[PDB]
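Residue numbers (UniProt numbering), protein chains in the order written: chain L, 220 to 273; chain G, 220 to 273.
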């Protein structure tokens, strides 16, 4: 009996909850694609200087 | 974070603004052609002396 209850206590501390973890993993995937598009588009900001005659 | 803000401060001091610089560059180009025409025409002022019989 006591072995089962200690296993309960030990899992709440070191084990992951997939419901919590899966949401976070999908959460950051969107942020990565958002970050890549923003960075690529922000890199060509200085090309405005070429419009004003070199 | 602090690296980005120092880059802001450093660029305002040493970097040019092309909007400011391009206007000045075009500003002086006109003055050069104006100056050249005035100088060439002012050089032949003394030819009036030839009209009064040498």
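Quick reminder that beta carbons are idealized off the backbone N, C-alpha and C, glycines included.
Would residue i and residue j be called neighbours here (beta carbons separated by less than 9 Å)?
i	j	result
residue 237/G	residue 271/L	yes
Terminal residues of the continuous alpha helix (DSSP H) containing residue i?
i	result
residue 254/G	237-262
residue 227/G	221-233
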